[PDB]
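1. Provided hereafter are the protein sequence and its experimental coordinates.
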Amino acid sequence: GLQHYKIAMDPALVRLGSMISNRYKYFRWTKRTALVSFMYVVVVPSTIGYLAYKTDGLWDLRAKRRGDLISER
Amino acid sequence: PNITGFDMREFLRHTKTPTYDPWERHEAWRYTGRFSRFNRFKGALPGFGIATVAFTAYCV
Amino acid sequence: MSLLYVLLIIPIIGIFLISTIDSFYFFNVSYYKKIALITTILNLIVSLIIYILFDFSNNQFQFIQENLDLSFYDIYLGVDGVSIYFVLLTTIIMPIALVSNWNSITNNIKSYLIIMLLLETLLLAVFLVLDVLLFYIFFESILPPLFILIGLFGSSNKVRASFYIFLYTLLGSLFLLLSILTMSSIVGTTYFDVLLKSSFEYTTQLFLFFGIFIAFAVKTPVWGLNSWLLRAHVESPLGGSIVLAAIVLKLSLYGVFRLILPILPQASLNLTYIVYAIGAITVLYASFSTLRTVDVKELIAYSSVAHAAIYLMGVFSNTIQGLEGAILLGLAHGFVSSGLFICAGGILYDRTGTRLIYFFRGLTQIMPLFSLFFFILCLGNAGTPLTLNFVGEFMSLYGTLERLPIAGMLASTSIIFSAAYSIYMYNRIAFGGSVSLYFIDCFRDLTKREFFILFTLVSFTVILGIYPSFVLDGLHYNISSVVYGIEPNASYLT
Amino acid sequence: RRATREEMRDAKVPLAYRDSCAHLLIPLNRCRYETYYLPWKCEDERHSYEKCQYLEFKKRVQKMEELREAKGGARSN
Amino acid sequence: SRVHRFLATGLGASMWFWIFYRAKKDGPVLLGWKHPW
Amino acid sequence: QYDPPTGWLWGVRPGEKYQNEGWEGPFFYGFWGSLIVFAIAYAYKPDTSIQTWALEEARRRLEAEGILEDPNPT
Amino acid sequence: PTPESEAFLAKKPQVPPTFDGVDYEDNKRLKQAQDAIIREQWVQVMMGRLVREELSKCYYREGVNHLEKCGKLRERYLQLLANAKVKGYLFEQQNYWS
Amino acid sequence: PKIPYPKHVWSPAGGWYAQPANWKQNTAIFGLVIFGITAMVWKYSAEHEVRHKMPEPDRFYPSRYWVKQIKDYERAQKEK
């Protein structure tokens, strides 16, 4: 809308920003990429979720004296 | 070995004050009365001299 | 007449006044902005009066109005401890959002002002209705005004941004709608008082959880479902970008207090490891990417995804500290996030026309006041103490940790990673050189308008961070009703 | 005479020094209070308390002259 | 400004004079000759 | 030597003065003014928190024990 | 003991903190039962805060001999710490025991 | 020397070499403000500083001259 200050618009920097903005159109399912997508979308959440499942209710600190245990399961 | 005639041992062998150099007349100022081996350590322990006399007086 | 209906009808009077002055008197577009600004402040006045009559230890909904005119769909309004602070935050933010875009909106000023006033009535109805079908009616009613606001006043990629927000919200909501419909069939209504004393079967609770959680996961947003936010928060005008990140995101956090915790107790307890897996994955992934984001707006927008995960984990803590800190976090976040969008989308963008962090450097040399507020704002985004962000961060992390230690531990890496991107963005813009050499034209510092809306926002986040008892006091008794559990010697007393 | 706990809890001496010799610890801690802990004021009775420290220490080092040989000069620690 | 020289020497003189004085009295004790008592 | 302080606050040059845009009266007299007036009024709002109610009962419950010597011996 | 003020008359629960013998069709009764459950839990927890305050006063009063002169509160706080907790009314409202 | 700088930049910390012509007059005003509320902090502290031990009468203890929780104790002990 309203005019802004004069900026020394770098052609290289404005084409890097356009490439980064438009990058989603050129993605393909290649050999390495499916491994990256599988690793970070499936494996890592699955590992984090599984350890949460196996440690749920396991420990409690609330008022544990000497003679009790942190573990409850 | 070392097609360029640089040998580390002779580099190390030439690690001293040279008998003649093209540069003493500009470099000699560093090794002078102000910066002699004696005048530089003349006050390495500033107050040591006076305290020794004072300590002896207290002992006696 | 109830003060709660006064909240809803005042912004509609402003819509009527703005659209009608031209007939009453070539009216100057400055008058509509004064009408729109005065309308939002009158609304804040009623909210401040409601909060001063509010009772912090009452379980019955307050400021209700008798209807005795039962139709199929009726609008019932009420306010308790959990919903009042979300109401106050909408009323505090809306005047600032209008003043933030005072000079930037140059065309269609009636359209811009009428949509914002409509959005205030619609957003406030969400926290005020007393029915789960009413809740959905207003949660999804904001889609048309938000679609038109982005396409009319957005940036270059506005069409894609306006298509992304409507379609994701429409899709996630239709899954929430199918769950809300199943409940109405079982209970016969979704009025809060009737529906709250319903105890669904566990298997029903599981399929009710999903769909409701599918919806709220898209509107949280959680990582992997967050493409709409980066497109729509960045392309949206500064005023609409403020409302989207300060109020719109907080409808799903408040929706857990009405649709998940009091009526799906067992499912929430059993499926907590899924939520904490998504939340911890979201914290990590949303943090590493915002380290690499080169759009300053996209970087502030996507840090919200990282904080939204933290109070989403705190709302599943089943801990009075985590639940309260989650509300404090969502309340504090709507202050800091509003200010950061002003700093980036309002102050940098209006002066340079570009959002690329490449072109900015060393603005402290020219803009002392901007660096002052932008530094306190980055300290709040990093959860530094003496800020309400710290208190919400700290309390919802304790609840997350006490519920699932390992998930709370992984979530507790945001102390490192949120500071990692808040100071990295600060030291590249305010510091890190003398002044950017792409600025062939020296800048002016903060104007009085830029100074006041920022000063107000850092004031709320700091006073409430030194005395969080202002919010915590009215929040204690009502969140006590959303915990699920008993003690071996403090239950079934005779 | 040995200082019983009743006047020795009231004296507020540290736990690790709650032993037989602490009867001389109570007066030592009063000079420190009265003389602002200056290390030139009650050196006299400080030496007395430090002296009784030595004797009890000596009785605790001679007690292994039969214990060490009982283990044949092994590692008692 | 000769005042700087006097403070330098004074601090050095005060320091060293202290070590001899603190060695005349405390010196025998830490050498294993005389226990304090 | 030191220089006198300088600069244009709000970007207003020494020759000119700041010009009101239209948001100042509503923001200062309305939003900020209401928030101040709300603050003093909050100082008189009666206490309605669950703690100060529960501290009163808990005070009596501990009073009927060895703790918290009560003012009256009943 | 300290007399109850008008503040501790309006909000004083008029009904025992139970969900037994309550008709959930009576909205007022269910809410009163819910309220009474919450007030009892909050009192036990605030009993911890008060006891925690004399234990704090004892600790700085005694100093060295706090480990043998402030143990009466140490159990009293520890018992309250292990028992008092605001857990809500929702589990008892949906399950009955014994 | 002295670094050149813009004269159009307004800083709250002053700027580049900012010393006002009235520095002393305003330093006096601010010093009174600092003293004024420091005394208020002193007044509040003296009333709410809580102790569990009473200093000996013969001992240096300037707190005795303002703090109330032991000021009343001295006069209370002065009754026998």
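-> Looks like it arrived, so ask away. Residues are numbered from 1 along each chain as shown, chains lettered A, B, ... in the order given.
2. show me the residues around residue 49 that make contact.
-> Because you didn't say which chain, this covers chain A. C:273-274, C:276-277 (CB atoms under 8 Å, 6 or more residues apart in numbering or on different chains). Where you see a C-beta, it was placed from the backbone N, CA and C, and this is true even at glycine.
3. was after chain F, sorry
-> C:56-57, C:473-474, C:476-477.
4. and residue C:443, what does it touch?
-> A:5, C:351, C:363, C:366-367.
5. Apart from its chain neighbours, what residue comes closest to residue F:48?
-> Distances taken as CB to CB, 6 or more residues apart in numbering or on different chains place residue C:56 nearest to residue F:48, at 4.1 Å, with adjacent residues excluded.
6. quick one: the closest residue to residue C:234 other than its chain neighbours from chain B, how far?
-> Nearest residue to residue C:234, sequence neighbours excluded (CB to CB, 6+ apart): residue C:297, at 4.5 Å. Computed as CB to the nearest CB, to the nearest Å, the residue C:297 to chain B distance reads 58 Å.
7. Residue C:297 sits in which helix or strand?
-> Using DSSP states H and E, residue C:297 sits in helix C:296-314.
8. so, in contact with chain G or not, the helix or strand that comes right after that helix?
-> Going down the chain from helix C:296-314, the next helix or strand is helix C:320-341, by DSSP H and E. Yes - Helix C:320-341 is in contact with chain G by CB under 8 Å from any CB of the partner chain, via residue C:320.
9. and helix C:320-341, anywhere near chain F?
-> No - against chain F, helix C:320-341 shows no contacts by CB under 8 Å from any CB, the least distance being 11.2 Å.
10. In chain G, where's the longest helix?
-> In chain G, taking DSSP state H as the definition, the longest helix is helix G:27-62.
11. Tell me if residue E:15 really is in a helix.
-> Yes - if the criterion is DSSP: H, G, I helix; E, B strand; the rest coil, then residue E:15 is within a helix.
12. mind listing what it touches?
-> Counting by CB under 8 Å, 6+ apart, residue E:15 has contacts B:47, B:51.
13. swap in residue H:53?
-> residue G:61.
14. Let me know the secondary structure of it.
-> From three-state DSSP, the assignment for residue H:53 is coil.
15. sorry, back to before: list the buried residues of whichever helix or strand comes after the longest helix of chain G.
-> The helix or strand immediately downstream of helix G:27-62 is helix G:71-83, counting by DSSP H and E. The neighbour-count check on helix G:71-83 (16 or more other CB atoms under 10 Å in any protein chain shown) flags G:73, G:76-77, G:80, G:82-83 as buried.
16. for stretch H:46-60, same thing?
-> residue H:46.
17. mind checking how far it is from the chain centre?
-> 20 Å (CA atoms, centre = their mean, to the nearest Å).
18. Skip the chain neighbours and tell me the closest residue to whatever residue of chain D ends up closest to chain C.
-> Closest residue of chain D to chain C, CB to the nearest CB: residue D:15 (33.5 Å). Nearest non-adjacent residue to residue D:15, counting by CB to CB, 6+ apart: residue G:64, 6.7 Å away.
19. can you tell if whichever strand or helix holds residue C:89 touches chain G?
-> Element membership of residue C:89, judged by DSSP H and E, is helix C:81-100. No - on the criterion CB under 8 Å from any CB, helix C:81-100 is out of touch with chain G, staying 11.9 Å away.
20. Distance-wise, check the residue in chain E that chain D sits nearest to relative to residue D:35.
-> As assessed by CB to the nearest CB, chain D sits closest to residue E:37 within chain E, at 4.0 Å. The gap separating residue E:37 from residue D:35 is 19 Å, by CB to CB, to the nearest Å.
21. Equivalent analysis for residue H:76, please.
-> Using CB to CB, which is the criterion applied here, residue H:76 is 30 Å from residue D:35.
22. Where do the helices of the chain begin and end?
-> Answering for chain A, as no chain was given. Going by DSSP H, chain A shows helices at A:11-22, A:31-38, A:44-54.
23. oops, I was thinking of chain H
-> H:23-48, H:68-77.
24. State which one residue of chain H is found closest to chain B.
-> residue H:1 (29.7 Å).
25. what about the residue of chain H found nearest chain F, distance to chain A?
-> Using CB to the nearest CB, the closest approach of chain H to chain F is made by residue H:10 at 2.9 Å. Going from residue H:10 to chain A by CB to the nearest CB gives 18 Å.
26. What of residue C:493?
-> When residue C:493 is compared with chain A (using CB to the nearest CB), they lie 20 Å apart.
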